[PDB]
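[1] First portion of the complex, with coordinates as positioned in the assembly:
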Amino acid sequence: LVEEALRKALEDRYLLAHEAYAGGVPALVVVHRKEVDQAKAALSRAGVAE
């Protein structure tokens, strides 16, 4: 869900990476500076937060 939301919000110039740990995934989204608000807004609409 998170990937979809970010992808529509942030086009294809965002980087979504994840690495496991035994159970879920801690994920990191890497975005350009000044694209911070938009990036955040996308997480907030899914219900995921920082």
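    Noted; the coordinates are in hand. Numbers count the residues shown, from 1 in each chain, chains lettered A, B, ... in the order given.

[2] Could you check stretch A:9-19 and say which residues are buried?
    A:9, A:10, A:14 (16 or more other Cβ atoms under 10 Å). Every residue, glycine included, has its C-beta placed from N, CA and C.

[3] wait, what's in contact with the closest residue to the first one other than its chain neighbours?
    Excluding the flanking residues, the one nearest residue A:9 by Cβ to Cβ, 6 or more residues apart in numbering is residue A:42, at 4.0 Å. The contact partners of residue A:42, taken as Cβ atoms under 8 Å, 6 or more residues apart in numbering, are A:5, A:6, A:9, A:10.

[4] Repeat that for residue A:14.
    A:6, A:7, A:29, A:30, A:31, A:35, A:39.

[5] Considering the residues you listed, which is situated nearest to residue A:46?
    Using Cβ to Cβ, residue A:6 is the member of the contacts of residue A:14 that sits closest to residue A:46, with 8.6 Å.

[6] Extend the structure above with chain B:
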Amino acid sequence: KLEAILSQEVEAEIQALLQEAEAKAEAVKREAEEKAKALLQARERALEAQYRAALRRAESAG
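    Putting chain B onto the chains we already have gives this:
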């Protein structure tokens, strides 16, 4: 792609800054020409003065 964004945040600053510093390197140099010219404008009047005074003195003296 994502690396093409990165080259555009830089490529923008490095023309803003280098356009600004080629107009200070213009500006100092414009004032430097306008000063040397004026320090010789005052030199031009001075010499004249000294010659107009000088000749009048020699006329009176004689």
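
[7] since we added chain B, can you redo the contacts of residue A:14?
    A:6, A:7, A:29, A:30, A:31, A:35, A:39, B:2 (Cβ atoms under 8 Å, 6 or more residues apart in numbering or on different chains).

[8] try 6 Å this time
    A:6, A:31 (Cβ atoms under 6 Å, 6 or more residues apart in numbering or on different chains).

[9] where's it relative to residue A:42, distance?
    Using Cβ to Cβ, to the nearest Å, residue A:14 is found at 9 Å from residue A:42.

[10] Residue B:47 belongs to a strand, doesn't it?
    No - assigned with DSSP: H, G, I helix; E, B strand; the rest coil, residue B:47 falls outside any strand and is helix.

[11] What's the local residue count around it?
    Other residues within reach of residue B:47, judged by other Cβ atoms under 10 Å in any protein chain shown, total 9.

[12] Residue B:6 too?
    Neighbours around residue B:6, by other Cβ under 10 Å: 12.

[13] Which helix or which strand is home to it?
    Take DSSP states H and E as the rule and residue B:6 turns out to sit in helix B:3-20.
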